[PDB]
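Each remark here refers to the structure printed beneath this line.
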Amino acid sequence: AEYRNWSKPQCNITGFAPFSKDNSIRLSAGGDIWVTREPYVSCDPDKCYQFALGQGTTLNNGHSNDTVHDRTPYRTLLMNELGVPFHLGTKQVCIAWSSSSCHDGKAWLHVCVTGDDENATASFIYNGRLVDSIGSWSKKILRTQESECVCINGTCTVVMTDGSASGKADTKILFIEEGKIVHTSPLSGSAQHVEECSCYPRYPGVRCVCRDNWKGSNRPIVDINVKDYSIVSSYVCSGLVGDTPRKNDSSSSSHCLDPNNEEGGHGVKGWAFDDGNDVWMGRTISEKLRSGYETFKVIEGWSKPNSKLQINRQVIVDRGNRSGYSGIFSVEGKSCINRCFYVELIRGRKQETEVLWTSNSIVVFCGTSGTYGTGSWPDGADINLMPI
Amino acid sequence: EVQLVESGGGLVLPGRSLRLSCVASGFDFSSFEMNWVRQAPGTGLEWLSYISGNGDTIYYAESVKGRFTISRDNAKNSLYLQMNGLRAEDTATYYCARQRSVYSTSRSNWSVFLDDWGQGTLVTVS
Amino acid sequence: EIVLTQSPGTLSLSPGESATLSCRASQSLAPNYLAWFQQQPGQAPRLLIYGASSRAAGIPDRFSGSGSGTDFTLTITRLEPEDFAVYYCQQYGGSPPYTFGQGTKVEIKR
Ligand SMILES: *[C@@H]1O[C@H](CO)[C@@H](O[C@@H]2O[C@H](CO)[C@@H](O[C@@H]3O[C@H](CO)[C@@H](O)[C@H](O[C@H]4O[C@H](CO)[C@@H](O)[C@H](O)[C@@H]4O[C@H]4O[C@H](CO)[C@@H](O)[C@H](O)[C@@H]4O)[C@@H]3O)[C@H](O)[C@H]2NC(C)=O)[C@H](O)[C@H]1NC(C)=O
Ligand SMILES: *[C@@H]1O[C@H](CO)[C@@H](O)[C@H](O)[C@H]1NC(C)=O
Ligand SMILES: *[C@@H]1O[C@H](CO)[C@@H](O)[C@H](O)[C@H]1NC(C)=O
Ligand SMILES: *[C@@H]1O[C@H](CO)[C@@H](O)[C@H](O)[C@H]1NC(C)=O
């Protein structure tokens, strides 16, 4: 095996076509399916893999009760091929309530954070064995991307945060070669709160679109140089902001150099990537709740501040259905790098009081240079047919 | 043209207070970030304070943190530096600098710098 | 904190020659956040190169910036009498202590 480099250009994207759907919640009503949250897709050179933070229990289980807590000792990173539901034969590759997984072309690297909130330890498991570990440096909740990391020429970069979820936090970018942390760069630039990044390879570097839980409904951008370990940071230029909660389309704004201070007190994991001067971004249709999901391109939305000329809008999940975390992952094609994204379809407690569990499904969409149609691909599970 | 004129300064006694004013002209004041840079006589440039376009984000140098206080009035296009507890080490020419951002489409990541500097104001603490 | 260190604290060159000024960052600094300023003995600082590689408006092609990470360089080919000043490299935009370099004076050698 050779080190995966991502040297091909980005594929032409005219939109996104459906790629995968697990139907996990629908299958949970008639089988042993893991309770999961915060899923992501990461691909090795041959095939793509599902990842999720299991809750240590199945849905039709007494332990699925009150599975809405983010950090428990029983949370493990589940891993199987994309399209295979998280059944009892699923492999829990590590203990983690925060995770990030990437393939360098030779072996899988898993960054897994578990332990106490104030004294968390992040384990760096490469090729199935623990190679390195770090402790919490701010003595607050240490976390990571909750999505795939990016390895360029054997150097994997992961964005880790440790600090306040509603204030200043110490975000560090960790550079990892074969599981060993060779460098650590603090976040530098205009972004004032970076967490839960969706990182994609933009050769020769790594571009991450993160989530601002402090002050911005516009998404921070982190540009990682994997050679000299330098970090630049800004915000997405488009005036159509991708974080929720947010202002409506006519009142939202972004100026690429600071948080917009427009319902920036929270956020959701999302994604964005640049197609030249334009930006392809996905966001929930609901401005307040994580209900629905849409993707569109903003013309000059990456270079021109406060750009609101949107085009090629696709409804991934309609308004009336719950969405959740979304993230980007890249696939090496024959001649170019394709940008694909997943959407988490959260179901259960904290919005739906008909059941005691909180699990999710995933729907995956890959960028396409051809044509496509419309449609909605929600969870599809009747909450009245599920076990309580 | 973009111009910044620093006011205030003069002669002050140690432990007193001063309020420099940087009046901006030729650009939308609220859209750019403002910085205070002082240069002691015979010494290099020293960056002191930073303020965002709306004043929410403010940074201070370790030397002047707690004593100095930066503020701005976007309606009056004015940048203020309220100094407190002045010492002899605060004798310097104080510059008001505006941050500028250039996209740099080759890199695509918004190079950020201080471009427009005023002629400065001399503050002597004695 | 990024601490910038200009290596040639004082430089002695001759008109028409090429001067090379270096700025060293304590940690890896992005090129986007390094700028070069030229200050005459009785004038305000003037921005020459921003982004460590791109000349400012009105700056002649004499000045050329380069470098990334921890090493940044300023090149002044075909020196002129107005190019003998104090040159500062500043880290701005990366981390809140936006400090300047200690400065580099370019002098006429005789
Ligand atoms: C965050 O996590 C880090 C990493 O886990 C923590 O750092 C470790 O902390 C532990 C506990 O403080 C520490 O282990 C101690 O080392 C001491 C010497 O360095 C030992 O003396 C001590 O043993 C005593 O305490 C134990 C209970 O903690 C007893 O079980 C043990 O029998 C010993 O008790 C006897 O001896 C003492 C001293 O002679 C005596 O006073 C008692 O009465 C009794 O007779 C522990 O082994 C690790 O060395 C630390 N590791 C690192 C890398 O730092 C950190 O504390 C955590 N922080 C928070 C806030 O959670
Ligand atoms: C579920 O968990 C809650 C809180 O821990 C507890 O009160 C309740 O008894 C549990 N069981 C059911 C069936 O709700
Ligand atoms: C990858 O890094 C190695 C050194 O570790 C070296 O071959 C070269 O710098 C890189 N190779 C490619 C093809 O980029
Ligand atoms: C949201 O409502 C309308 C758009 O439908 C808009 O005019 C209004 O200003 C928005 N709200 C705020 C607070 O701007």
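Ordered as shown in the structure tokens, chains take letters A, B, and onward, while each chain numbers its residues from 1 and ligands are numbered from 1 in the order shown.
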
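In plain terms, chain B touches chain A through residues 103, 105, 108, 109 and 110 of chain B, where touching means an atom at most 8 Å away, counting only C-alpha atoms.
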
Take the residues that were just selected and, keeping N, CA, C and O atoms, output them as a CSV table (one decimal), in the first residue's frame.
```csv
chain,number,residue,atom,x,y,z
B,103,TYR,N,-8.1,38.9,-0.3
B,103,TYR,CA,-8.5,37.5,-0.4
B,103,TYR,C,-7.4,36.6,-0.8
B,103,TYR,O,-7.2,35.5,-0.2
B,105,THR,N,-6.7,34.9,-3.9
B,105,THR,CA,-7.4,33.8,-4.6
B,105,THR,C,-6.5,32.6,-4.9
B,105,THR,O,-7.0,31.5,-5.0
B,108,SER,N,-6.6,31.7,-1.3
B,108,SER,CA,-8.1,31.7,-1.0
B,108,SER,C,-8.3,31.7,0.5
B,108,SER,O,-9.3,31.2,1.0
B,109,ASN,N,-7.5,32.4,1.3
B,109,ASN,CA,-7.7,32.4,2.7
B,109,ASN,C,-7.5,33.7,3.4
B,109,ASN,O,-7.1,33.7,4.6
B,110,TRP,N,-7.7,34.9,2.7
B,110,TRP,CA,-7.8,36.2,3.4
B,110,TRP,C,-6.6,36.6,4.2
B,110,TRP,O,-6.7,36.5,5.5
```

Could you list, as an mmCIF file with N, CA, C and O atoms, in the first residue's frame, all the residues within 10 Å of ligand 4, counting only C-alpha atoms and all ligand atoms?
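Below you can see out-v2.cif, which holds the result:
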```
data_model
loop_
_atom_site.group_PDB
_atom_site.id
_atom_site.type_symbol
_atom_site.label_atom_id
_atom_site.label_comp_id
_atom_site.auth_asym_id
_atom_site.auth_seq_id
_atom_site.Cartn_x
_atom_site.Cartn_y
_atom_site.Cartn_z
ATOM 1 N N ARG A 246 -29.865 30.370 13.639
ATOM 2 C CA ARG A 246 -29.383 31.452 12.794
ATOM 3 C C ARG A 246 -30.544 32.387 12.503
ATOM 4 O O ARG A 246 -31.705 32.073 12.777
ATOM 5 N N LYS A 247 -30.218 33.547 11.944
ATOM 6 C CA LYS A 247 -31.236 34.442 11.427
ATOM 7 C C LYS A 247 -31.749 33.924 10.086
ATOM 8 O O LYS A 247 -31.158 33.040 9.464
ATOM 9 N N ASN A 248 -32.868 34.486 9.636
ATOM 10 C CA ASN A 248 -33.424 34.084 8.354
ATOM 11 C C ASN A 248 -32.541 34.599 7.217
ATOM 12 O O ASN A 248 -31.552 35.303 7.427
ATOM 13 N N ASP A 249 -32.914 34.237 5.989
ATOM 14 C CA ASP A 249 -32.052 34.501 4.841
ATOM 15 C C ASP A 249 -31.867 35.995 4.603
ATOM 16 O O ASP A 249 -30.788 36.436 4.195
ATOM 17 N N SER A 250 -32.908 36.788 4.851
ATOM 18 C CA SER A 250 -32.842 38.219 4.585
ATOM 19 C C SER A 250 -32.041 38.988 5.629
ATOM 20 O O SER A 250 -31.616 40.113 5.353
ATOM 21 N N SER A 251 -31.828 38.416 6.814
ATOM 22 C CA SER A 251 -31.131 39.109 7.887
ATOM 23 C C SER A 251 -29.805 38.476 8.280
ATOM 24 O O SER A 251 -29.029 39.117 8.997
ATOM 25 N N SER A 252 -29.521 37.253 7.842
ATOM 26 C CA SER A 252 -28.234 36.644 8.134
ATOM 27 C C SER A 252 -27.131 37.327 7.330
ATOM 28 O O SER A 252 -27.375 37.951 6.296
ATOM 29 N N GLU A 262 -25.134 36.661 15.224
ATOM 30 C CA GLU A 262 -26.542 36.494 14.861
ATOM 31 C C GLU A 262 -26.962 35.083 15.259
ATOM 32 O O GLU A 262 -26.848 34.153 14.458
ATOM 33 N N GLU A 287 -34.444 27.283 10.632
ATOM 34 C CA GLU A 287 -33.435 28.192 11.160
ATOM 35 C C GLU A 287 -33.178 27.966 12.643
ATOM 36 O O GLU A 287 -32.075 28.242 13.122
#
```

Skip segment 44-46 of chain C itself and residues of its chain fewer than 3 positions away, then list as number ranges by chain all residues within 9 Å of it, counting only C-alpha atoms.
B: 45, 95, 115-120; C: 36-41, 87-88

Output for the residues just chosen: N, CA and C atoms as a PDB file, in the first residue's frame:
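Done, and the output landed in part18.pdb:
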```pdb
ATOM      1  N   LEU B  45       8.629  49.331  17.111  1.00  0.00           N
ATOM      2  CA  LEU B  45       7.179  49.394  17.210  1.00  0.00           C
ATOM      3  C   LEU B  45       6.659  48.383  18.221  1.00  0.00           C
ATOM      4  N   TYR B  95       0.350  55.325  17.351  1.00  0.00           N
ATOM      5  CA  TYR B  95      -0.157  55.218  15.992  1.00  0.00           C
ATOM      6  C   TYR B  95      -1.495  54.495  15.989  1.00  0.00           C
ATOM      7  N   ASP B 115      -2.608  48.270   7.374  1.00  0.00           N
ATOM      8  CA  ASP B 115      -2.175  49.005   6.192  1.00  0.00           C
ATOM      9  C   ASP B 115      -2.058  50.504   6.434  1.00  0.00           C
ATOM     10  N   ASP B 116      -3.129  51.155   6.870  1.00  0.00           N
ATOM     11  CA  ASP B 116      -3.184  52.610   6.934  1.00  0.00           C
ATOM     12  C   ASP B 116      -2.792  53.059   8.335  1.00  0.00           C
ATOM     13  N   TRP B 117      -1.730  53.853   8.418  1.00  0.00           N
ATOM     14  CA  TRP B 117      -1.225  54.375   9.677  1.00  0.00           C
ATOM     15  C   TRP B 117      -1.359  55.890   9.692  1.00  0.00           C
ATOM     16  N   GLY B 118      -1.772  56.428  10.830  1.00  0.00           N
ATOM     17  CA  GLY B 118      -1.788  57.862  10.997  1.00  0.00           C
ATOM     18  C   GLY B 118      -0.401  58.410  11.255  1.00  0.00           C
ATOM     19  N   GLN B 119      -0.307  59.739  11.272  1.00  0.00           N
ATOM     20  CA  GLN B 119       0.974  60.369  11.562  1.00  0.00           C
ATOM     21  C   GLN B 119       1.385  60.206  13.018  1.00  0.00           C
ATOM     22  N   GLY B 120       0.479  59.757  13.880  1.00  0.00           N
ATOM     23  CA  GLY B 120       0.796  59.496  15.265  1.00  0.00           C
ATOM     24  C   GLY B 120       0.558  60.693  16.166  1.00  0.00           C
TER      25      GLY B 120
ATOM     26  N   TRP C  36       5.560  43.102   6.319  1.00  0.00           N
ATOM     27  CA  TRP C  36       6.823  43.817   6.424  1.00  0.00           C
ATOM     28  C   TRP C  36       6.561  45.313   6.355  1.00  0.00           C
ATOM     29  N   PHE C  37       7.105  46.049   7.319  1.00  0.00           N
ATOM     30  CA  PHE C  37       6.917  47.487   7.417  1.00  0.00           C
ATOM     31  C   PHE C  37       8.264  48.185   7.345  1.00  0.00           C
ATOM     32  N   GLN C  38       8.315  49.270   6.581  1.00  0.00           N
ATOM     33  CA  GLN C  38       9.501  50.101   6.462  1.00  0.00           C
ATOM     34  C   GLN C  38       9.219  51.449   7.105  1.00  0.00           C
ATOM     35  N   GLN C  39      10.081  51.857   8.030  1.00  0.00           N
ATOM     36  CA  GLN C  39       9.905  53.105   8.757  1.00  0.00           C
ATOM     37  C   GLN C  39      11.116  53.996   8.539  1.00  0.00           C
ATOM     38  N   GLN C  40      10.877  55.200   8.031  1.00  0.00           N
ATOM     39  CA  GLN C  40      11.912  56.211   7.973  1.00  0.00           C
ATOM     40  C   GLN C  40      12.150  56.782   9.372  1.00  0.00           C
ATOM     41  N   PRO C  41      13.303  57.419   9.599  1.00  0.00           N
ATOM     42  CA  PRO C  41      13.611  57.898  10.959  1.00  0.00           C
ATOM     43  C   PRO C  41      12.590  58.871  11.525  1.00  0.00           C
ATOM     44  N   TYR C  87      13.342  48.211   9.077  1.00  0.00           N
ATOM     45  CA  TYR C  87      12.331  47.297   8.568  1.00  0.00           C
ATOM     46  C   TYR C  87      11.818  46.418   9.699  1.00  0.00           C
ATOM     47  N   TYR C  88      10.499  46.384   9.862  1.00  0.00           N
ATOM     48  CA  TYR C  88       9.848  45.567  10.873  1.00  0.00           C
ATOM     49  C   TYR C  88       8.996  44.495  10.211  1.00  0.00           C
TER      50      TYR C  88
END
```

Pick from B:13, B:5, B:75, B:20 nearest to chain C, counting only C-alpha atoms
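Of all the options, B:5 lies closest to chain C.
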
Could you name the residues that touch residue 62 of chain B at 12 Å or less, counting only C-alpha atoms, but leaving out those on the same chain fewer than 4 positions away, as a PyMOL selection string?
(chain B and resi 46-49+66-68) or (chain C and resi 1+96-99)

Which is closer to chain A than all the others in C:75, C:18, C:95, C:53, using only C-alpha atoms?
C:95

List as a PyMOL selection string the protein and nucleic acid residues lying within 8 Å of ligand 3, with only C-alpha atoms and all ligand atoms counted.
chain A and resi 3+5+153-154

Please produce a file of the residues just selected, as a tab-separated table (two decimals), in the first residue's frame, where the atoms kept are N, CA, C and O atoms.
```tsv
chain	number	residue	atom	x	y	z
A	3	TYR	N	1.00	5.70	0.46
A	3	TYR	CA	0.38	6.78	1.21
A	3	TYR	C	-0.55	7.57	0.31
A	3	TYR	O	-0.18	7.98	-0.80
A	5	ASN	N	-2.51	10.60	-1.12
A	5	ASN	CA	-2.01	11.96	-1.28
A	5	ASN	C	-3.07	13.00	-1.62
A	5	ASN	O	-2.87	14.17	-1.31
A	153	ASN	N	-0.12	12.26	2.44
A	153	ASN	CA	1.23	11.71	2.40
A	153	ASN	C	1.65	11.15	3.75
A	153	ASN	O	2.79	11.33	4.20
A	154	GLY	N	0.73	10.47	4.42
A	154	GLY	CA	1.02	9.82	5.68
A	154	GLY	C	0.92	10.70	6.90
A	154	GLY	O	1.10	10.21	8.02
```

Exercise: residue 91 of chain C partners within 8 Å, only C-alpha atoms, chain neighbours under 4 positions left out, as number ranges by chain
C: 2, 4, 33-35, 98-100

Got a sec to tell me which of segment 33-124 of chain B DSSP assigns to strand (DSSP E or B), as JSON, numbers by chain?
{"B": [34, 35, 36, 37, 38, 39, 45, 46, 47, 48, 49, 50, 51, 58, 59, 60, 69, 70, 71, 72, 73, 78, 79, 80, 81, 82, 83, 84, 92, 93, 94, 95, 96, 97, 98, 99, 100, 101, 102, 111, 112, 113, 114, 115, 116, 117, 121, 122, 123, 124]}

Selection from above, C-alpha atoms, as a CSV table (one decimal), in the first residue's frame, can you write it?
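Result saved to part37.csv:
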```csv
chain,number,residue,atom,x,y,z
B,34,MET,CA,-8.7,49.2,14.6
B,35,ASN,CA,-5.3,48.8,16.3
B,36,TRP,CA,-3.2,51.0,18.5
B,37,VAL,CA,0.6,50.8,18.0
B,38,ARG,CA,3.1,52.9,20.0
B,39,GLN,CA,6.8,53.5,19.3
B,45,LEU,CA,7.2,49.4,17.2
B,46,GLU,CA,5.0,47.9,19.9
B,47,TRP,CA,1.4,46.8,19.3
B,48,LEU,CA,-0.9,47.7,22.1
B,49,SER,CA,-4.6,47.1,21.5
B,50,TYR,CA,-7.1,45.7,19.0
B,51,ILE,CA,-10.8,46.4,18.6
B,58,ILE,CA,-10.8,43.4,22.1
B,59,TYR,CA,-7.2,42.5,22.7
B,60,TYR,CA,-4.5,44.1,24.8
B,69,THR,CA,-8.9,50.6,27.4
B,70,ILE,CA,-9.7,50.8,23.7
B,71,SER,CA,-13.1,51.9,22.4
B,72,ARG,CA,-14.7,53.2,19.3
B,73,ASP,CA,-17.7,55.3,18.2
B,78,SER,CA,-13.5,57.8,16.2
B,79,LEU,CA,-11.2,55.3,17.9
B,80,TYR,CA,-10.4,56.0,21.5
B,81,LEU,CA,-7.5,54.9,23.8
B,82,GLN,CA,-8.3,55.6,27.5
B,83,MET,CA,-4.9,55.2,29.3
B,84,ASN,CA,-4.8,54.9,33.1
B,92,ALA,CA,5.9,57.0,23.0
B,93,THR,CA,4.4,58.2,19.7
B,94,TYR,CA,1.0,56.4,19.4
B,95,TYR,CA,-0.2,55.2,16.0
B,96,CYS,CA,-3.7,54.3,14.9
B,97,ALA,CA,-3.7,51.5,12.4
B,98,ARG,CA,-6.5,50.0,10.3
B,99,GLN,CA,-6.7,46.3,9.5
B,100,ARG,CA,-7.0,45.4,5.9
B,101,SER,CA,-8.0,42.0,4.4
B,102,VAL,CA,-7.0,40.8,0.9
B,111,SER,CA,-4.4,37.6,4.2
B,112,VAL,CA,-4.8,40.1,7.1
B,113,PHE,CA,-2.6,43.0,7.9
B,114,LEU,CA,-2.4,46.6,9.1
B,115,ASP,CA,-2.2,49.0,6.2
B,116,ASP,CA,-3.2,52.6,6.9
B,117,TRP,CA,-1.2,54.4,9.7
B,121,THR,CA,0.5,61.4,18.5
B,122,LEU,CA,3.3,62.1,21.0
B,123,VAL,CA,2.5,61.2,24.6
B,124,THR,CA,5.0,62.2,27.3
```

Measuring between only C-alpha atoms, which one of B:126, B:21, B:52, B:31 shows the shortest distance to chain C?
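Comparing B:126, B:21, B:52, B:31 against chain C, the winner is B:52.
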
Can you check which residues of chain C have any atom within 7 Å of chain A? Use only C-alpha atoms and format it as a PyMOL selection string.
chain C and resi 28-30+69+93-95

Could you give me, as a PyMOL selection string, every polymer residue with an atom at most 10 Å away from an atom of ligand 2, counting only C-alpha atoms and all ligand atoms?
chain A and resi 62-67+355-357+388

For ligand 1, list the contacting residues at 9 Å or closer, counting only C-alpha atoms and all ligand atoms, as a PyMOL selection string.
chain A and resi 116+118-121+135-136+139

Rank nothing, just name the residue among C:25, C:32, C:101, C:3 nearest to chain B, using only C-alpha atoms.
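That would be C:32, the residue with the smallest distance to chain B.
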
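Here the helix (DSSP H, G or I) residues in chain B, by DSSP on the backbone, are residues 29, 30, 31, 88, 89 and 90 of chain B.
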
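Among the candidates B:25, B:77, B:106, B:17, the one nearest to chain C when counting only C-alpha atoms is B:106.
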
When you look at residue 80 of chain C with a cut-off of 8 Å (counting only C-alpha atoms), what residues show up, excluding the ones that are within fewer than 3 positions of it in the same chain? I need them as an MDAnalysis selection string.
chainID C and resid 15:16 83:84

What's the 9 Å shell around residue 25 of chain A, counting only C-alpha atoms, without same-chain residues fewer than 5 positions away, as number ranges by chain?
A: 33, 35, 59, 347, 359-361, 379-382, 386
